[PDB]
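So the structure is just underneath, and the comments pick up after that.
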DNA sequence: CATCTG
DNA sequence: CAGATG
Ligand SMILES: [Mn+2]
Ligand SMILES: [Mn+2]
Ligand code: NA
Ligand code: NA
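Numbering (the authors' numbering), first residue to last: 9 to 335.
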């Protein structure tokens, strides 16, 4: 957690680069189990050899560790932090819609910067366009104070369309967090479930409304269950408009809301522990359901949940306020 | 994993 | 349809 820090870090820089610049998924994947195992490792790695001793630890990495250990740096790492081509990809990649794949093409075409991008707005697709248009707003975090307003709106509109809608703002916003990154909304309705054959309108009607009133400003992606968009709190008394915010909304069959709801709320760590325990208590949990574990090895059957209460209950656990879902 | 692009 | 982004 701090004993093998640098090493686990450099390994990361390294892994990262492989996958993003080169395509070295293998290699990339290599750095990772490695930093993963060095990470767990209880002592102070005093040398390569010592390391090598580990699983996932090859000669090549051992090598690298030596050099890093020996000297506060790694040549290779130094060559990559300079290299403008590598740099570009880590950059372009910052645009919503631009993955690495695309980061490469553009570079090979000479688009390396934001301007480059604007000038060639033709090569970018819709999402990519949007991402470009909101690059700034995009990277700005979401203050709770805004979150609450947002939430307030969303909830009032969903309600209006159907008193029967059930909406939840999961995410950290749900876990306490003073600021968030995007707004994740879980959606269900009684009339939608496991078996119930669809009802796309269920998601579309609200999406409309949100745009009706102008909260939703653009569409990133719009499926029958998931909507990726952009929204925005009405600029008040003109002088201070709000940044544009990433927003996602997803429909869920009523019969698997809370699992999801729990699930989305995290934290990852809270989950696992919950999952691990769930397992003890003779259960299995996932994004959609909790299931009574048979002994034969495994086994299932959807346990019935009517809240997050029902869940914990199952695992015979302490109902955790979302704040304490931390870890 | 669900949506888009081409 | 494979492949890419989130
Ligand atoms: Mn979030
Ligand atoms: Mn999200
Ligand atoms: Na991106
Ligand atoms: Na293939």
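Ideal Cβ placement from N, Cα and C applies to all residues, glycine included.
Q | residue 278 beta carbon less than 7 Å from that of residue 335 | A | Their beta carbons are under 7 Å apart, which means residue 335 touches residue 278 by this criterion.
Q) To which residues of the same chain is residue 122 closer than 8 Å at the C-beta, ignoring the five residues directly before and after it? A) Excluding sequence neighbours, residue 122 sits near 140, 143.
(Q) Any heavy atom of ligand 3 closer than 6 Å to the beta-carbon of residue 119? (A) No, the Cβ of residue 119 stays beyond 6 Å of every heavy atom of ligand 3.
Q: Assess, as a yes-or-no matter, whether the region 211 to 226 is touched by the region 182 to 189 under the definition of 3 or more beta carbon pairs within less than 8 Å.
A: No: the two stretches stay apart, fewer than three of their Cβ pairs being nearer than 8 Å.
Q. Is residue 299 near residue 288, with beta carbons less than 7 Å apart?
A. When the beta-carbon positions are compared, residue 299 and residue 288 stay at least 7 Å from each other.
(Q) I'd like the list of long-range same chain contacts for residue 172, defined as Cβ closer than 6 Å, with 5 residues on each side in sequence excluded. (A) Leaving aside the five residues that flank residue 172 on each side, the residues in its chain whose CB is nearer than 6 Å to its CB run, in chain order, 197, 198.
Q: Between the Cα of residue 291 and those of 333, 301, 174, 244, spot the shortest distance and give me the residue it belongs to.
A: For residue 291, the nearest C-alpha among the options comes from 301.
Q.
I'd like the ranges of any alpha helix (DSSP H) spanning at least 4 consecutive residues and lying wholly in the region 112 to 174.
A. For the alpha helix (DSSP H) assignment, the uninterrupted runs of no fewer than 4 residues enclosed by the region 112 to 174 are, from N- to C-terminal side, 122 to 127, 134 to 141, 143 to 147, 152 to 169.
Q) Can you give the beta carbon distance from residue 12 to residue 53, rounded, assuming they're within the 8 Å contact cut? A) Indeed they touch by this definition, with Cβ atoms about 5 Å apart.
Q. Do residue 137 and residue 190 have their C-beta atoms within less than 7 Å of each other?
A. Cβ atoms of residue 137 and residue 190: not closer than 7 Å.
**Q.** CB of residue 20 within 7 Å of CB of residue 43, strictly
**A.** Between residue 20 and residue 43, the gap from beta carbon to beta carbon is short of 7 Å.
Q. Ends of the beta strand (DSSP E) at residue 259?
A. Start and end: 253 to 259.
Q. So what does DSSP say about residue 280, is it helix, strand or coil?
A. In the structure shown, the three-state DSSP call for residue 280 is helix.
Q.
For the pair the region 110 to 122 and the region 145 to 159, tell me if three or more CB-CB distances fall below 8 Å.
A. As far as the Cβ criterion goes, the region 110 to 122 does not touch the region 145 to 159, which means the pair count is below three.
Q: Please work out which residues of its chain come closer than 7 Å, Cβ to Cβ, to residue 106, disregarding the five sequence neighbours upstream and downstream, and give them in chain order.
A: The beta carbon of residue 106 sits closer than 7 Å to those of 100, 136, 139, all from its chain and outside the five residues before and after it, given in chain order.
Q) First and last residue of the beta strand (DSSP E) that includes residue 227? A) Counting along the chain, the beta strand (DSSP E) containing residue 227 begins and ends at 224 to 230.
Q: Check whether the Cβ of residue 96 sits closer than 6 Å to any heavy atom of ligand 3, and report yes or no.
A: Incorrect: residue 96 has no Cβ contact closer than 6 Å to ligand 3.
Q.
Using CA atoms only, rank isn't needed, just tell me which of 38, 51, 37, 216 is closest to residue 9.
A. Checked all of 38, 51, 37, 216; the closest Cα to residue 9 is 51.
Q.
Are there any heavy atoms of ligand 3 lying less than 6 Å away from the beta-carbon of residue 238, as far as the coordinates show?
A. Set against 6 Å, the gap from the CB of residue 238 to the closest heavy atom of ligand 3 is not smaller.
Q: Look at the alpha carbon of residue 90 and the alpha carbon of residue 15, and state the distance between them as a whole number of angstroms.
A: The straight-line gap from Cα to Cα measures roughly 20 Å.
(Q) Would you call the region 234 to 243 in contact with the region 151 to 162, where contact means no fewer than 3 C-beta pairs closer than 8 Å? (A) Output reads yes: the region 151 to 162 touches the region 234 to 243.
Q: Going by CA-CA distance only, name the one from 207, 204, 201, 252 that's closest to residue 224.
A: The option with the nearest alpha carbon to residue 224 is 252.
(Q) Is residue 145 close to ligand 2? I mean its beta-carbon at under 6 Å from any heavy atom of the ligand. (A) Checking the Cβ of residue 145 against ligand 2 gives no.
Q: Compute the minimum distance between the beta carbon of residue 190 and the heavy atoms of ligand 1, and state whether it is under 6 Å.
A: Short note on residue 190: C-beta closer than 6 Å to some heavy atom of ligand 1.
Q: Verify the contact flag: residue 184, CB atom, against every heavy atom of ligand 1, threshold strictly below 6 Å.
A: Not one heavy atom of ligand 1 sits closer than 6 Å to the Cβ of residue 184.
Q. How long is the line joining the alpha carbons of residue 65 and residue 221, rounded to whole angstroms?
A. Roughly 57 Å between the two C-alpha positions.
Q) Between residue 179 and ligand 1, is the CB less than 6 Å from at least one heavy atom? A) Flag set: Cβ of residue 179 near ligand 1.
Q. Does the beta-carbon of residue 203 have 16 or more other beta-carbons within 10 angstroms, so that it is buried, or is it exposed?
A. Exposed is the call here.
Q. Counting along the chain, where does the alpha helix (DSSP H) carrying residue 14 start and finish?
A. Counting along the chain, the unbroken alpha helix (DSSP H) around residue 14 starts and ends at 13 to 28.
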